[PDB]
Protein chains: 2
Amino acid sequence: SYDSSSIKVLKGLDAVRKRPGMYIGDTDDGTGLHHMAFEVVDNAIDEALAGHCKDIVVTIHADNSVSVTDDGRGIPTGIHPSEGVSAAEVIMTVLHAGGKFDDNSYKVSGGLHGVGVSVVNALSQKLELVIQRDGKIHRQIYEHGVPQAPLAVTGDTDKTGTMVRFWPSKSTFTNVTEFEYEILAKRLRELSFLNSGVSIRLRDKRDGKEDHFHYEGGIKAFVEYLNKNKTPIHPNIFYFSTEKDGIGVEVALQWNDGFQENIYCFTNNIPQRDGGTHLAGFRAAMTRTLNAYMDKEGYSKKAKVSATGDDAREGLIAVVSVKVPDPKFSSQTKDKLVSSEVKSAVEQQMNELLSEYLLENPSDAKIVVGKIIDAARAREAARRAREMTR
Amino acid sequence: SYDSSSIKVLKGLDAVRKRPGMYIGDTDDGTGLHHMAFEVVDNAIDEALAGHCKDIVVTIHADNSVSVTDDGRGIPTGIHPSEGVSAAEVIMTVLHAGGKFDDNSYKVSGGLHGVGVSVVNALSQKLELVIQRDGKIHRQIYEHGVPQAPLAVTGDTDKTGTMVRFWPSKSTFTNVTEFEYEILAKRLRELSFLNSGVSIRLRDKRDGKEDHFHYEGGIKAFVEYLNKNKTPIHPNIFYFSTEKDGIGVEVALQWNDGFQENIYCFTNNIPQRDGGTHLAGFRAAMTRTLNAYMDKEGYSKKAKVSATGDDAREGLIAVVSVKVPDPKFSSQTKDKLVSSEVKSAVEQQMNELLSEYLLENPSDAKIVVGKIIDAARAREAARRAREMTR
Ligand SMILES: Nc1ncnc2c1ncn2[C@@H]1O[C@H](COP(=O)(O)OP(=O)(O)O)[C@@H](O)[C@H]1O
Ligand SMILES: Nc1ncnc2c1ncn2[C@@H]1O[C@H](COP(=O)(O)OP(=O)(O)O)[C@@H](O)[C@H]1O
Ligand SMILES: [Mg+2]
């Protein structure tokens, strides 16, 4: 009997527990598990972006919990004017609640949805919250999303910042259930390249391992690092950082002699495994710019048409980092940027500055166009050989 | 000042309006716009899977609204025991509310999240709901997710079913703002193949175009259809339908003399553009079973070629439809199936039944092994041409 009592409402965090996938991604291959840590880390990184945080510590504890400590402003502690409990508690227990729905507290931020830490709380058997703010230490404990008592002041302090420690639910995550040092490390190293002047430490209390990331060279140094165990074919890394029409676009790239294409895209420091409109603008700009270059440098009809752009990306390492008010992602996990204004921002900036670069670095230009022509001839030899077997 | 008053709670459908992307996908390239219609259609299809709907009409109106009419049970109209308004209004206005969080009302369904049609409501400047249930017609109008009056009786009727008509918000959707007949057509045609006995009509009131899909041949006929403008190389389409351990696996496939690989994956009739565990099971079983056949029958030794999976899947058309209680996906839009048990389900059924198929149809088998050898030869020739060219 299908009727009005067959309609069930999942209230609060219950929905996240029932359908974790639409919030956190894959709960079985370990990626959603680490995404839990990434949501908390992103909150700290958003405090750094805002200029308030200079120090982040990520700890893997021996009981397989993870804590994230920052010296940012501290999650607000005051009673929320509508909910009647501390804003910290609102943040932990209510989906789509946060300070990132306007641009008053964070000019630009990666959190966006207002669900990150509440999702972490929902999917944790326990969460420990310590906030240093206004000269006070506030503490609260959650067990399966439920506060054990009101947020309480337990001591004095002269510091500001937030510590969140969480113990992931045994029920929710299957297969990969233990945090992997290296996944956390890769992410925190790239965050250090993205955020000069923020100290990011990673500590593993299970085996004593630790790391301290504080790279200064920004995404140039990032491209250099990514090319470390490869062979760059040209010495001058292309780099620029611009802000136009409210959108920041930062790009660094360099070719090696390998045949792989590695383009890392970020939006407000959030990585996009599936690319999107920044990567699309990047590709369009690269293709247009290299074709213009080969035309004005008088390459043959057939050598320029030869060059596809999929040829141009062989050997390519590139980092594309955009800063956007209100980006749009096509999922909670933000794997793909779908803000269409970003495509034209990246494409325009990159067309201009990459043109310049090719003019200003003729040696790099000749080398790279050579690589591209080689890649094209390889592709063509492969095609003809394929048709020969037919 | 960053404090408790900076923390905003977005209540109900307001969250979806503020952050549509995590619910509906890409609001800029037309895909999320059309997904609006697919959410509503999928609800009707769920009534069909449960056995209560034999007739669905999708209409594109001349004012760019879309309506979906089914003859299922009708969305329940009774006052919800806890929420105190009609269940229909609960369904339209509350995220994570519905009849698919247990298996009382639908044994298998694609909706899963309890958000589909309330997301459609949220992102519609207007939505018209008409329900025919228990001898009465009930109507309600919403504007940007806000009901204009409670669900009310408007008349008498002898039919049951649900009509949802929605006018997408001009603010949410950009660039592609008009419904495309063909996108809806492709999806509905495919749904007709997947759901024998369900009449599906598509009407375009902008130009009087219409279609009536009522295919009876199931996913075999689907493969036939997908291959009709191609050149199938063997006459017997491989097909099976099984259910084991609560998991339905249905597969049809046929090779053509082309070089593209087209595998369509579905979970509870929802397509997965990004594949997932069904596709992984499929791929593994295919590769293993064809290499097994090619070794025992001696083809690998005689042609001295060492075929790979990519060789196996060149020229392949396949449909993999799984039916699972509580599938897991990695986003609201359900692009990727991440239920781990499904990989094994598909892999085992494929290994068994595909083995049997190659034995019961030796002509087909010999043709297919021939294509695979050929593809392997092209691949290796291409590899050598590329390797030399450098
Ligand atoms: N480490 C932190 N330091 C300061 N404020 C924080 C921190 N973590 C969360 N917050 C506040 O909590 C809000 C809600 O966080 P969350 O639920 O993750 O959603 P979102 O980050 O998308 O707003 C944030 O927007 C920010 O206002
Ligand atoms: N056409 C329909 N006929 C009957 N019931 C429907 C129909 N559409 C929606 N419903 C009911 O409304 C509920 C909520 O739907 P929706 O918000 O789309 O989420 P979900 O489909 O995931 O349940 C469904 O679970 C079902 O009980
Ligand atoms: Mg957050």
Side-chain angles (χ1 to χ4, degrees), chain A residues 2-10 15 18-19 21-22 25-29 73 76-83 86-87 90-91 94-99 101-102 104-105 112-114 174-175 277 328-333 338-340 374 377-379 381-386 388-390, chain B residues 2-10 14-15 18-22 25-29 32 73 76-83 86-87 90-91 94-99 101-102 104-105 112-114 174-175 328-333 338 340 374 377-378 381-386 388-390:
Chain A
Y2 178 55
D3 56 26
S4 55
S5 75
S6 324
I7 302 313
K8 173 155 196 169
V9 181
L10 302 187
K18 178 66 160 178
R19 303 296 183 217
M22 66 163 275
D26 195 325
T27 53
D28 194 77
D29 73 351
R73 295 168 289 184
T77 60
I79 294 298
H80 188 270
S82 167
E83 297 289 309
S86 71
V90 170
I91 281 160
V94 178
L95 295 172
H96 299 298
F101 296 136
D102 50 51
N104 294 320
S105 311
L112 192 70
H113 303 134
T174 58
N175 180 35
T277 53
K328 301 176 178 51
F329 305 104
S330 65
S331 67
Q332 213 290 124
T333 48
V338 294
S339 295
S340 62
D374 286 356
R377 291 180 134 298
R379 180 172 47 62
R383 193 199 22 110
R384 297 157 16 222
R386 257 190 223 98
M388 230 45 54
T389 82
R390 304 162 177 171
Chain B
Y2 183 51
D3 50 35
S4 50
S5 73
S6 313
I7 301 313
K8 180 169 187 15
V9 178
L10 297 185
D14 287 0
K18 179 72 177 191
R19 305 296 188 216
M22 76 168 258
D26 193 325
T27 55
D28 292 10
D29 76 349
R73 295 172 287 188
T77 62
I79 299 303
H80 192 269
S82 309
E83 302 295 302
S86 69
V90 171
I91 281 162
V94 177
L95 293 175
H96 299 302
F101 294 132
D102 52 69
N104 303 344
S105 309
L112 195 69
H113 303 137
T174 60
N175 178 24
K328 301 177 175 67
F329 307 98
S330 57
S331 65
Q332 210 305 81
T333 50
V338 297
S340 62
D374 288 6
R377 269 166 188 162
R383 156 154 95 60
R384 290 193 299 274
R386 270 194 235 101
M388 285 175 187
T389 195
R390 298 157 174 167

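Each chain gets a letter, A, B and so on, in the order its sequence line appears, and its residues count up from 1. Just the heavy atoms: all of them, side chains too, but no hydrogens, waters or symmetry mates, feed the values below.
- Among B/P20, B/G99, B/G32, B/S330, the residue making the largest number of heavy-atom pairs under 4.5 Å with chain A is B/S330.
- Here A/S339 contributes atom OG and B/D26 contributes atom CG; the two are 9.0 Å apart, rounded to the nearest 0.5 Å.
- No other option in A/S82, A/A378, A/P81 has as many heavy-atom pairs under 4.5 Å with chain B as A/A378.
- Considering CD of A/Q332 and CD of B/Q332, their distance stands at 12.0 Å, rounded to 0.5 Å.
- The CG atom of A/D29 sits 10.0 Å away from atom OG of B/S340, with the distance rounded to the nearest 0.5 Å.
- In this structure, CG on B/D28 lies 8.0 Å from OG1 on A/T277, to the nearest 0.5 angstrom.
- Applying the salt bridge (charged side-chain N to carboxylate O under 4.0 Å, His left out) test to B/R19 and every residue at least two apart in sequence or in another chain returns A/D326.
- Ranked by heavy-atom pairs shorter than 4.5 Å toward chain B, the options A/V94, A/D374, A/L112, A/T333 are led by A/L112.
- Of all the listed residues (A/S6, A/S5, A/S86), the one sharing the greatest number of non-hydrogen pairs under 4.5 Å with chain B is A/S6.
- In this structure, the portion of A/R390 lying under 4.5 Å from any heavy atom of chain B is its side chain and not its backbone.
- Contacts with chain B were tallied for A/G25, A/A15, A/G114, A/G98; A/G98 has the most, counting heavy-atom pairs under 4.5 Å.
- For the side chain to side chain contact (heavy atoms under 4.5 Å, CB included) test, residues two or more places apart in sequence or in another chain that qualify with A/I7 are A/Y2, B/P76, B/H80, B/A87, B/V90, B/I91.
- With respect to chain B, the highest number of heavy-atom pairs below 4.5 Å among A/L10, A/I79, A/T389 belongs to A/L10.
- Summarising the geometry, atom CZ belonging to B/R73 is positioned 10.0 Å from atom CG belonging to A/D3; distances are rounded to the nearest 0.5 Å.
- A/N104 contributes atom CG, which lies 12.5 Å from atom NZ of B/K8 (distance to the nearest 0.5 angstrom).
- Of the listed residues (B/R377, B/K328, B/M388, B/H113), the greatest number of heavy-atom pairs within a distance under 4.5 Å of chain A belongs to B/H113.
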